[PDB]
Ligand SMILES: [Mg+2]
Ligand SMILES: [Mg+2]
């Protein structure tokens, strides 16, 4: 059970950019492989990944530095430990780096080891990853937030919001929900190609048609739901990622809906906008509806909509338990988006999920634009009985691999598997 | 060790459509999981993919029948066997099916089992898959045939042909080759974005920029090659998929270059065009140059070009060992695309590859429109020392996964690994 080898290597992510991969071997023969997704090389409160910056190689995006760190620094510091001591190992790697950003060794280097280790252990004990991470009572399959229509900067159309997602809350199981989202996804692709719109896909694997406004985004999605055979009421609901920081002007102090063409709006106006969109559409979740610094505005948004709408904070909290408690106290938002490579280790991730839960908040495990076949976040979702997950559209293996993995979990879980659907929003008092 | 369990389930492929997955366990605990890919379309001579045809579920694309076949028919037949008995097991399933196109049990069902068993056996023997399949002397990393530009039916632009690809033949090792094509893939993306063109990708993770000229696609790549810092003709030769059958006049005997608008062209002059293209541009390989039936025509093309240019037949042979032989007699090609699921079993697959080698033909193991995280075709390329592989662009994990596996393989090989680059074309007299 004692780690006898920790070896990193450079590989590619779903976007053609190098990333790290770590393999841990125990003396018994147990193996574990951790693959890290594309994080950020810069952030004030965000853990930072380590890039080489060699303009001549991979456009400076190589991670030969992080690999070297793992193989020559982290490896010998970890070799000797018992693969099962997750907490102790992450604690060390964190102290070895010695910095909060994990800037010395690199968050990508630390995370790959953290994950490989955990997987190595699961393997050693011959148990599924989700049981090894969360215990015996790990059975609630996440209700997915599926990307379907893209806008803002992740598109070239008239839609200010970054992305529109569908949530199959009316399904009896994850498997059916998956089927539900897939049939809608296709019904829609049909509506677009027949409407003359582009059908190619982006990073999340969703559509980025050139719709005319924001309303034409939700509306077209409603069409697909109905064409697919499901009712927009109970079968499929709506979720969105506004990513308002994108169309927010620090200097002007207002939000500017360029793409939409609706001009500029005030935070009071934006909160009003969301109130209009929510009455006209079955929107259950709004992500980063106000700028990452509008701490005051989020509080108001939370007061008016928080009772019947999930307000998620992505750029707002940056998986930083620090900022999370700041929001919890002030009472801003009621759900946090968890990005593993953004925090750094598995134990820190779990700590965040627990702090969130204890606040009556929701923890939406998430993916990044540059993913890999690794589906560790799916086991995490089930190991913590999170209740939801946001891992992409129903295209591209970098996204499907996570859904296929949830199928297996639901499958090997048998008659004890659970799908809460709408009953997953324990954070929403009113319906 | 005796096979104790053979279990299949319905999962999703990279395009969001259901496919089959099979797990194999042996008495001592060895395990193996095979995932089956799927093509955009299919016809005769191609092993049958069993679909449920239930229009009210996944557009009638569910594979619940095949899942049942493996669990209810195949499992009972194979359990008891020694996981290492590949040939025997693949022969047992073929007979069990009875039909020549595996249409009774389904080629997706059979293949899933075939792959699962072999991987389960490598696991059992604690040896890398490429070694279990091809023996001790497996060390040639494939020269990749990377997708960059798309045309024909796979796009909404001119470009009569449906696929242009780059081949990093000048790199010293597969690792570098991958970096090379990656820098080119991105360099191109920079060019397309700049001149206002679609940066979105297709099934293979390639680009579908709207261009009005077959020659444009060739020259637009030549500049991405150079701007990436590489010298064409030496570091990056070119390969193309014509898929001429798509634009072949069923009635009359001509090819209509509708997309490019060049109008009608006859198989007698199409050869001149291909002979032209290869004159100005660095075209090393042309896939399906003439119609999948214009045999007589292909022959001619093989004489005038087949000694300095690889002519691989995809639709021509459709991974059919019988069609192939015919082509070998007439001398109408010098390379064949290998699509595992198009034939159905790993055994028949290796038989097809060995039969090509003996004819001085090249065996290009390729990916499929609908893929999964599975990278078995990667090990197959090295196991047989094929020398080439066509598994996609440098976007989408359904593609990148295969490349990462190759990275892993080369690494594992160490000092005995080999990358032949241009010299992989043993089928070409002149270079
Ligand atoms: Mg977002
Ligand atoms: Mg073809």
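We number chain A the same way Swiss-Prot does; the residues here are 2-432, in that order.
Backbone N, Cα and C atoms are what each Cβ position is placed from, and that goes for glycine too.
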Discussion item. According to Swiss-Prot, A:288, A:315 bind Mg(2+); which one of A:242, A:250, A:260 is annotated to that same site?
Written reply: A:242
Discussion item. Of the candidates A:140, A:176, A:324, A:391, which one does Swiss-Prot list alongside A:163, A:340, A:369, A:370 as binding (2R)-2-phosphoglycerate?
Written reply: A:391
Item to complete: Rank the binding-site residues A:288, A:315 by the number of other Cβ atoms within 10 Å of each Cβ and report the first-ranked residue.
Response: A:288
Discussion item. Based on a Cβ-to-ligand 1 distance below 6 Å, what subset of the binding-site residues A:242, A:315, A:340, A:369, A:391 would you report?
Written reply: A:242, A:315
Worksheet item: Which of the recorded positions A:205, A:242, A:288, A:315 has its Cα nearest to the Cα of residue A:369 ((2R)-2-phosphoglycerate binding site)?
Response: A:205
Item to complete: Within 10 Å of residue A:315 (Mg(2+) binding site) by C-alpha distance: pick out those among the binding-site residues A:163, A:340, A:391, and say none if nothing qualifies.
Response: A:340
Worksheet entry | Nonlocal neighbours by CB distance (under 8 Å) for residue A:163 ((2R)-2-phosphoglycerate binding site), same chain, sequence gap 6 or more | A:151, A:152, A:153, A:154, A:155, A:242, A:243, A:244, A:247
Item to complete: Using the recorded Mg(2+) site (A:242, A:288, A:315) as reference, state which further residues of the same chain have their Cβ within 8 Å of the centre of those residues' Cβ atoms, listed in sequence order.
Response: A:163, A:164, A:241, A:243, A:244, A:287, A:289, A:313, A:316, A:338, A:391
Discussion item. Near residue A:205 (active site, proton donor) in space, meaning Cα within 10 angstroms, which of the binding-site residues do we find among A:288, A:340, A:370?
Written reply: A:370
Response to the item:
The most crowded of the recorded positions A:205, A:242, judged by neighbouring Cβ atoms within 10 Å of its own Cβ, is A:205
Practice prompt. Other than A:163, A:340, A:369, A:370, A:391, which residues of the same chain sit close to (2R)-2-phosphoglycerate? List them in sequence order, counting a residue when its Cβ is within 8 Å of the Cβ centroid of the site.
Written response: A:205, A:315, A:338, A:367, A:368
Worksheet item: How long is the line from the C-alpha of residue A:370 ((2R)-2-phosphoglycerate binding site) to the C-alpha of residue A:288 (Mg(2+) binding site), rounded to the nearest angstrom?
Response: 16
